[PDB]
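Need coordinates for the below:
(one chain, ligands or ions: 2)
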Amino acid sequence: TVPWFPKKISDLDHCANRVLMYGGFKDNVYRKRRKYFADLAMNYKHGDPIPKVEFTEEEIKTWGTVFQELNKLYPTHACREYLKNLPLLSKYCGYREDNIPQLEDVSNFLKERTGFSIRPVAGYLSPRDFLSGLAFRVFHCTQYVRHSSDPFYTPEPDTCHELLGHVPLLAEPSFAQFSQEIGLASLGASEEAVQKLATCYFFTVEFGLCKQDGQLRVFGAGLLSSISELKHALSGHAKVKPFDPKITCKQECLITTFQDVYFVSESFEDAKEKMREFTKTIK
Ligand SMILES: Nc1nc(O[C@H](c2ccc(Cl)cc2-c2ccccc2)C(F)(F)F)cc(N2CCC3(CC2)CN[C@H](C(=O)O)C3)n1
Ligand SMILES: [Fe+3]
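Residues are numbered from 1 along each chain as shown. Ligands and ions are numbered 1, 2, ... in the order given. Sure, structure below:
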């Protein structure tokens, strides 16, 4: 027997609500605001335009802080693919210090560039359900903004993380392929296989480094959206190892701290080839 998995993009309607939600913990205004976003995600069905949100002034200020500081780091810290796509997003999707891009606009942009699209999501999906989205080039994205007290690092994914961390690499064909292949490999796989695939995803897509012209750069979205961890990953204080799926899949994923190790890939093409070799051995 194989567990249920989606067979078409609309089938994601059936898992995308199977979510662990928030529950700032004591802030009534923050909570109400978080409920508003969760409900927009819960009521979403494939085919809908993604609701456009009027962000508050404080939400926009938190975005601006994050945007401003990160943009000072990307030239020296981000991989070339990231920096190639970031200007196109400014131009077409309204990435500016004073404006939070809408998921709808970014979804349309990605659909033209790599066939990627966005679905809003209320909170954390299982690794299984999250990965299954990537199989159809669907990236589940949070829509709320991180609490204003922690602009530099948050343990929870927010819309800043999705927009600044993930989107610019989803716009890159080799990366989109890489991601989709993790998804495809996950469909109907065993729990053990999903866990391995999810860890490899975590140490590439979320926290990966790559070597470009001899220097370390970042492609991990969890690094690209955290001012403090981005600095930390290239500071010389972090432990780094070669990306190697059979090893990297055993690494524990840390949740409320900086990671204890970053994996370095040679290129998106090479990481993809490495995952292809690996997936054979767990099917
Ligand atoms: N994928 C991912 N995963 C997280 O959690 C894991 C996970 C948890 C729960 C569930 Cl239900 C699933 C996963 C799970 C789901 C997809 C695949 C594999 C693992 C795990 F705990 F395993 F590590 C946290 C996270 N974040 C946290 C928030 C930041 C991005 C990374 C870190 N700092 C950034 C910033 O400051 O901008 C934002 N990303
Ligand atoms: Fe992420």
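
Would you tell me which residues of this protein are close to ligand 1?
The chain has residues 20, 124, 126-127, 130, 153-157, 161, 198, 201-202, 206, 222, 225-226, 253, 255 near ligand 1, with proximity defined as CB under 6 Å from any ligand atom. The way it works is simple: take the backbone N, C-alpha and C, and place the C-beta from them, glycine included.

Buried ones among these?
124, 127, 130, 153-154, 156-157, 161, 198, 201-202, 206, 222, 225-226 (16 or more other CB atoms under 10 Å).

Just the ones in helices from those residues, please.
Within these, residues falling in helices by DSSP state H are 127, 130, 198, 201, 222.

Next, the contact list for the fourth one, please.
Shown in contact with residue 201 (CB atoms under 8 Å, 6 or more residues apart in numbering): 127, 131, 179, 182.

What is the three-state secondary structure of the residue lying closest to residue 282 once chain neighbours are set aside?
Among residues not flanking residue 282 along the chain, residue 193 sits closest, at 4.7 Å (CB to CB, 6 or more residues apart in numbering). Here residue 193 is recorded as helix under DSSP: H, G, I helix; E, B strand; the rest coil.

Show me the helices in the stretch 151-283 of the chain, by range?
159-160, 167-170, 173-186, 191-201, 221-224, 227-233, 245-248, 268-280 (DSSP state H, counting those that start in this stretch).

List the contacts of residue 125.
Contacts for residue 125 were tallied using CB under 8 Å, 6+ apart; they are 15-16, 18-19, 133, 140.

what do you get if the cut-off is 7 Å, keeping everything else the same?
Neighbour list for residue 125: 15-16, 18-19, 140 [criterion: CB atoms under 7 Å, 6 or more residues apart in numbering].

From residue 220, how far off is the spatially most central residue of the chain?
In the chain, the residue lying closest to the centroid (CA atoms, centre = their mean) is residue 166, at 4.4 Å. Taking CB to CB, to the nearest Å as the measure, residue 166 falls 10 Å from residue 220.

May I have stretch 211-226 as PDB, with CA atoms only?
Taking Å, rounded to 0.1, in the frame of the first residue of the first chain, the C-alpha atoms of stretch 211-226 are listed here in PDB:
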ATOM      1  CA  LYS A 211      30.800  27.600  -4.000                       C
ATOM      2  CA  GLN A 212      31.000  30.000  -6.900                       C
ATOM      3  CA  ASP A 213      34.300  31.000  -8.500                       C
ATOM      4  CA  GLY A 214      36.000  29.600  -5.400                       C
ATOM      5  CA  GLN A 215      34.000  31.700  -2.800                       C
ATOM      6  CA  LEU A 216      31.100  30.600  -0.500                       C
ATOM      7  CA  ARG A 217      27.800  32.100  -1.300                       C
ATOM      8  CA  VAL A 218      24.300  31.500   0.100                       C
ATOM      9  CA  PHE A 219      21.300  30.000  -1.700                       C
ATOM     10  CA  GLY A 220      19.300  28.800   1.400                       C
ATOM     11  CA  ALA A 221      16.200  30.800   1.800                       C
ATOM     12  CA  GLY A 222      16.300  30.600   5.600                       C
ATOM     13  CA  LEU A 223      19.700  32.400   5.400                       C
ATOM     14  CA  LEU A 224      18.600  34.800   2.700                       C
ATOM     15  CA  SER A 225      15.700  36.200   4.800                       C
ATOM     16  CA  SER A 226      17.600  36.400   8.200                       C
END
